[PDB]
Each structure stands twice: as C-alpha cells, then as structure tokens.
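# Coordinates in review
The chain contents come next:
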There are 2 protein chains.
Amino acid sequence: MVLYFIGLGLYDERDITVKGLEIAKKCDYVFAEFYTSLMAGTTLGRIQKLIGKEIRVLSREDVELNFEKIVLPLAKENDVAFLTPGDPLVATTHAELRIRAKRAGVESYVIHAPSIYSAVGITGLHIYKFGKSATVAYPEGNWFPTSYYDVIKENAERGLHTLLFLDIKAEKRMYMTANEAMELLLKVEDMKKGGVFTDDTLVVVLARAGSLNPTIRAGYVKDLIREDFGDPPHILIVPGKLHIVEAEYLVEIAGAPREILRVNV
Amino acid sequence: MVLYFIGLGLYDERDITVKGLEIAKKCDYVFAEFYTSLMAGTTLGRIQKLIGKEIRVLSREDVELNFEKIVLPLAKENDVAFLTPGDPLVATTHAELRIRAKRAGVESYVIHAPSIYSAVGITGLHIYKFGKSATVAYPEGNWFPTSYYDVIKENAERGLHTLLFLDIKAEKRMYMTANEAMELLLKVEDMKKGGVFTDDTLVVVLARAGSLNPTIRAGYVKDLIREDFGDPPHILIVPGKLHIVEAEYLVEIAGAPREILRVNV
Ligand SMILES: Nc1ncnc2c1ncn2[C@@H]1O[C@H](CSCC[C@H](N)C(=O)O)[C@@H](O)[C@H]1O
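Residues numbered from 1 in each chain as written, not as in the entry; some residues may be left out. Chains lettered and ligands numbered in written order. Heavy atoms only, no water.

Per the deposited record, X-ray crystallography is how this structure was determined, to a resolution of 1.80 Å.

In this section: the overall build of chain A. The number of helices and strands found in chain A is 10 helices and 12 strands. Computed over C-alpha atoms, the radius of gyration of chain A comes to 20 Å, within 12% of the 18 Å expected from 2.2 N^0.38 for 265 residues, which places it in the range of a compact globule. The C-alpha extent of chain A, read off along each of the three principal axes, is 60 × 40 × 30 Å. Within chain A, the proportion of its 265 residues that are buried is 58%. Sequence-distant contacts in chain A: of pairs separated by 6 or more residues, those separated by 24 or more amount to 73%. (Helix = DSSP H or I, 4+ residues; strand = E, 2+ residues; numbered from the N terminus. Rg over C-alpha atoms; globule rule 2.2 N^0.38 Å. Buried < 20%, exposed > 50% of the residue type's maximum accessible area, 1.4 Å probe, protein only. Contact = heavy atoms within 4.5 Å.)

Residue and element names in this part refer to chain A. The local shell around the ligand holds 19 residues, among which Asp87, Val90, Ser115, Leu166 and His234 are the closest. When isolated, the ligand has an accessible area of 560 Å², and the protein chains bury 96% of it. Counting only elements with at least two residues in the shell around the ligand, the list comes to β7 (162-166) and β12 (234-238). Split by residue class, the shell around the ligand holds 11 nonpolar, 6 polar and 2 charged. Both domains that meet at the shell around the ligand, namely domain 1 (1-114) and domain 2 (115-265), each give it at least three residues. (Near = heavy atom within 4 Å. Areas by Shrake-Rupley, 256 points an atom, 1.4 Å probe, with all protein chains shown as cover. Nonpolar A, V, L, I, M, F, W, Y, C, P; charged D, E, K, R; others polar. Domains from an automatic or database assignment.)

Position of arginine 98 of chain A relative to the elements: it lies in helix α5 (residues 95-103). One buried charged residue, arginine 98 of chain A, forms no salt bridge at all, with the nearest opposite charge on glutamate 107 of chain A at 7.2 Å. A distance of 3.0 Å separates the side chain of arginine 98 of chain A from the side chain of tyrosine 249 of chain B, its partner in a polar contact. The contacts of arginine 98 of chain A, once residues within four sequence positions are left out, are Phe5, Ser108, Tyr109 and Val110 of chain A together with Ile122, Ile216, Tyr249 and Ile253 of chain B. (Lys, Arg positive; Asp, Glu negative; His and termini not counted. Salt bridge = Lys/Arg side-chain N within 4 Å of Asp/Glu carboxyl O. Polar contact = N/O pair within 3.5 Å; in protein donor to acceptor, adjacent residues only side chain to side chain.)

With that out of the way, let us pick up the interface of chain A and chain B. Across the contact, 52 residues belong to chain A and 54 residues belong to chain B. Of all residues in chain A, the largest losses of buried area upon contact with chain B belong to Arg14, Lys19 and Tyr117 of chain A, amounting jointly to 14% of the total for that side. On inspection of chain A and its partner chain B, the count reaches 8 salt bridges. With a closest N to O distance of 2.7 Å, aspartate 15 of chain B and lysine 19 of chain A form a salt bridge. (Buried area = accessible area lost by both parts, 1.4 Å probe.)

Following both chains from N to C, one finds helix α10 (residues 244-254) of chain A and helix α5 (residues 95-103) of chain B inclined at 40°, their axes separated by 10 Å at the closest point. By the angle between their axes, α10 of chain A is oblique relative to α5 of chain B. Judged by the twist between their axes, the crossing of α10 of chain A over α5 of chain B is left-handed. Seen from α10 of chain A, the contacting residues are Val245, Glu248, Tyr249, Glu252 and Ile253 of chain A; seen from α5 of chain B, they are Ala95, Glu96, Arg98, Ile99, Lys102 and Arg103 of chain B. Residues of the contact of α10 of chain A with α5 of chain B, tallied by class, amount to 5 nonpolar, no polar and 6 charged. (Axes fitted to C-alpha atoms, helices over the stretch in contact; angles between N-to-C directions. Parallel < 35°, antiparallel > 145°, perpendicular 65-115°, else oblique. Left-handed = near helix turned anticlockwise from the far one by under 90°.)

Attention now goes to the domain arrangement of chain A. Residue and element names in this part refer to chain A. You can read the domains of chain A as domain 1 (1-114) and domain 2 (115-265). Of note, the centres of domain 1 and domain 2, computed from C-alpha atoms alone, are 29 Å apart. If you look at the interface, domain 1 gives 15 residues, while domain 2 gives 15 residues. Summed over both sides, the interface between domain 1 and domain 2 buries roughly 1100 Å², with carbon and sulfur atoms accounting for 72% of that surface. When the area that domain 1 buries against domain 2 is broken down by residue, the three leading residues are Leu10, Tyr11 and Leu38, summing to 48%. Linking domain 1 with domain 2 are 1 residue pair in polar contact, by the criterion used here.

Take the sheet that holds strand β10 (residues 202-207) of chain A next. What holds strands together in a sheet is hydrogen bonding between their backbones, with the strands either parallel or antiparallel. Residue and element names in this part refer to chain A. Strand order in the open sheet formed by 5 strands is β6-β7-β12-β10-β11, and the pairing between neighbours is mixed. Pairing within the sheet leaves two strands with one partner each, and these edge strands are β6 (134-136) and β11 (215-220). Each neighbouring strand pair of the sheet contributes to a mean axis angle of 25°, computed without reference to strand direction. Packing of helix α8 (residues 178-192) onto the sheet brings it into contact with β6, β7, β10 and β12, and relative to β12 it is tilted by some 40°. (Pairing = 2+ DSSP bridges.)

A few words on the layout of surface pockets. All names here are of chain B. In this structure, the second largest pocket encloses a volume near 1300 Å³. Lining the second largest pocket are 45 residues, and of these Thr36, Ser37, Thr135, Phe165 and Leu166 lie nearest its centre. Looking at the lining of the second largest pocket, the element that brings in the most residues is helix α7 (residues 147-156), giving 3 residues. For the lining of the second largest pocket, the class distribution of residues is 25 nonpolar, 13 polar and 7 charged. Two domains each provide a minimum of three residues to the lining of the second largest pocket, namely domain 1 (1-114) and domain 2 (115-265). (1 Å grid on protein atoms, 1.4 Å probe; cavity = no way out; pocket = protein on both sides within 12 Å on 5 of 7 lines; lining within 4 Å. Points joined across faces, edges and corners; volume = space filled by probe spheres on them.)

Below you can see the structure in the form of structure tokens.
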C-alpha cells in the first residue's frame, strides 16, 4: 500500500535509524540503489542480514527511467522500501520519485538518516556559515565542468564556507579523491585566474564520515594535495574567513598549521 | 577513556541510529543535553527505556561551564555517552567540547544522526541551493534582532534558499511557530523596507521533520501566515528562484499554488 524512502546513513549498515530499520524489516519488498554515494564500511550482505530481507539493487537507469515499472507496481499492493546511502533526498534527484509515486496513486514516506551535508559539522566549521554547495565533476571528453569554481568564489566573497561533493562513477567503481578535486581546481584557477583556489588556499578534507575514525585534515593545498587521506568517499571543503573557535578546532583536531589560529579580522 | 557524542536525531526516540543505540547501551554512564534543541516527539522516559540506561540531563551551564567537571572525569576511566538532539556538532557550541576532551586526555568519537539541516531535503528544494542559515529570535524588551532578515536578503539575491531555524526556549519548552516567524519577518520588512519579505513572498514550512507525518506546506505569506501547521517544531524556509523540478514538487507534494510555476521559476 505504501512506498518508503529510507536512508542507510554515512558509512556502514548501523548508520540507518532505528525507525528506518524497524520499518524496513516489516516491508514486503526492499529495493535499493548504491550509485548516489559510497558506503565504505559495509556490504550488501551485511545490510541484508540486518534488515532480514533480500535487497534488489537498482542501477541509475533502472531508477531514472523505469522506477514506475519496477518499484511502484508492487507498492500498490504491498509495503515497499527503497534504500539509499546517506539521506535519500540530499544531493540526489530522488525527490522527483515522490511525484512519480503520487501520480501512480502510491503514498510515500521518507525516513531520514545521517547525511554528509550535516556531518561536516565534525570539521569544526560552523554549519550555518556554509553557503551554496557544489559538485566537482570528472571532466569527460572535451567537456570540463567548472561551475564549482564560481560557487567557491561567490561564497568566499561573503565569508562563507563551501562544501564540495566529489564525483562518483559507481558502475566503474570510480570515487573522486580530495586530491583529484584539488588538482582539477588548480587547473580551473590557471584558466580563470580569479585567485580563488591556489597552493596557498586553506582547505579541509573529510574522509569516511560515519566511521568511528574518519580522516579529518586541514591545511594548505600545496601540502595536502599529495597527502593520503585513506579510502573513499571523500568530500572537500574550502572555508571562508574563520571564527576563532573554528580555527582552534582545525588546529587541535584536524592538524592544521598553528598559523591559522591568527585570524585576519 | 572514551567519550561518545551521539546524535538522537529529529523527532522521537527511534531517530537515533542503530550504531548510536548499540554504543549507548554499552556505555557505563549516559549524559544528555536538551538546550540546543528538543525532541518533541518523545520524552526523557521513552529515550531512557530504549537505551536501557539512566540518563543524566545537563543544562547549558553544566556543559558550557562544567563539562570537564561533570562529564570528562568519568570518561577518563569509563565509556561515557553524551546525547544531543539531531546530529552532534551541528550546534555551534558542540565542537569545542571535543577540544576539552583532548585537553583532559580523553578520546572522543562522533556518532551522527539526521539533522534538520539535511532533513529539509524533504521540501523538494535542492540541498546545494541552500545558502547561509539563520535563526529567527524572539524580540524582547528593547532588543529587536534582525540579522536573519539580512541573511535572507543576501541569499535570495544570489538565487539561494534560506533555512530559518526558529527560536526555542528549551527550558520552558516553548517553540516559535512558523506563523510567529512570518509575523516577525513582515514586521522587520516594514522597518527596513528592503523588499525581502512581504505578503507576496513564497515560503515553505516544514513541521515535525522526522515524523512519519510531517507537515510540508508551500505558498505565499498572505495565505500561510494564519494557517495551522500542527504541533512543533516548525522550520521556515524562504526559497530563492526555483528550478522547475523544485516547483513541481512543492505543488504536487506541499500543496503549493500552481501560480508558483510561473511566478517563482
Ligand atoms: N561518509 C562520507 N564521507 C565523506 N564524503 C561522503 C560520505 N558520504 C557521502 N560523501 C560525499 O557525497 C558524495 C555523494 S552525494 C549523495 C549524498 C547522500 N544523499 C548523503 O546524504 O550523504 C560522495 O561522492 C562524497 O563526496
């Protein structure tokens, strides 16, 4: 009778909310997609074991083109769940699927889960200070995406931090590292020369949020661009002007150069 | 020797993650704070029964002034949990507590949970389009703060959405309603005349996010200002120019008038 969109969280199968788990366990059919993000600390098997249900994984094509043919038909006479990494409606286009559900006469409900969008709070940067977000996409052929550079410029001008989601090519098992994102940004900088992203720019890297020991590092691009931040997923952040407490946390917790403690007010 | 910052999530006792629950259950001591926000869909008793541990609630003073006197001494020789509504470290004052832990020679780990910051994705508005966030504070005496109005102005002129956290008197457990926020914003507009918030402004109200039955409503201030959005908590969003997909979700899912499809896109 219903369709549930349930987030699985940041890193492993235990990042699902108790609410989401109890609801999933009682659903008749369970579908899921693992192309919008990477849960580096679990496997399909462990997720299936926790929920006690077989999980039918769908590809991007299955979802975007055939969601109404694969999932919705069952939701008309059964309780169906659609699982996704992190929060199902953050930096995905899954919200549109609720419209398809409605038009198909299917009621849908959303169960949230920890998202990287809010988890960056662990970097010590004030969440309210984050401005517009952007995605660093892999260049393809003659096409080299650069909109994310303008976003950083716009936020920085306002003293706001910029969250940069990094690209993912699930089927090819490609996960953009913070290092690759920094390299692309330097290239865009040489092209636009806006002084937005250089070797002297302070950046923050958060890798495998959700795990108990995520990698949290802050420093200048010149020093971090070749640093090993561990396995993906990674997210890159370009902070705006720092408040004293933000700088203190980056130094004490993220190993940033003590010199950033001296904010230029 | 270990302190766990564990998020309780959005609304009720089941919004904690499985990871958070299992870790909390094994902790020797469990503390909690309910001053950064509240858990409107549950009670201390229900949270205690779920975790199966006595929970010592701490006031803002207990934490800000005495975190190292009350919590850290126990964390030095035991496993201690510190529960917070939402996702830990979204609240600005949380981060610094990890530095206190470090100074006391205590290891700390963060267990994330859903935050309203990311849960607003259920409004159908693209997460990347949210700019700087702000809090609408109740005016009192001769004090009439209005910085949140400027935040909306700066975001909107850049085509970005503005997430407005509404004031809460945690201690007294009194919540500002979206209606009161709209009244205040109209009040501020009449004083600043910036043309930022008027009867013709399109707003989105999200009430009781996390619940299976949150109220999601979109429409013009003139129509929503006296509407009943149900019990707290309420969140108010002033969207910037909309992508057609965002507008269609607001119409189909949030009952927005068809007019937004031609006026706000
Ligand atoms: N645990 C994690 N650690 C670091 N980055 C993460 C992450 N989970 C997701 N990301 C980042 O976000 C991108 C996916 S965007 C989809 C996000 C998801 N709906 C959520 O709510 O988190 C990844 O390519 C990566 O850059």
